[PDB]
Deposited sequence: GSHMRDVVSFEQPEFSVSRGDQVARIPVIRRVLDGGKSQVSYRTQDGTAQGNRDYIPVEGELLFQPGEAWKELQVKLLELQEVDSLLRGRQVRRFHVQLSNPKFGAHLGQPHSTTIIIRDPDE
């Protein structure tokens, strides 16, 4: 498979006070053209509009682009809560690699 798009890791840890989670998405084995995938957040024990600001959209990789950083806003309130981000719907010849979903762990300062 070419143009393989994945999260870099199955888990990321962030502090609740950071204001944003910075989530890396990579594209590997470039064939030379554009790629697109969809992404979306999904609640776990962390909930949209309480713990973080939910977001969904498309990641359009132009030719040569090997990575993106998603920025999901975090909200302030030994607490630990989790939300998820999923990739779906590859287009323009793209494929999903592993891991295609990830978990963002929000911890206290």
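In this chain the deposited sequence has gaps in the coordinates at 1-3, 81-89, 122-123, listed in sequence order.
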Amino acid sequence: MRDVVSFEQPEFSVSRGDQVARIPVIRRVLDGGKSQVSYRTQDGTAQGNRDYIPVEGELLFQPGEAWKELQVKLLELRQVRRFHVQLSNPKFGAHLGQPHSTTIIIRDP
From here on, numbers count along this sequence of modelled residues.
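In this entry, 88-96 has the higher mean Cα B-factor, the comparison being between 88-96 and 20-28. For the two regions 11-19 and 97-105, the entry's Cα B-factors average higher over 11-19. Highest CA B-factor among 65, 43, 56, 51, as stated in the entry: 56. Reading the B-factor column for the CA atoms of 71, 35, 79, 47 in the entry, the top value corresponds to 79. In the PDB entry, a CA B factor belonging to the highest third of its chain's modelled residues is recorded for residue 1.
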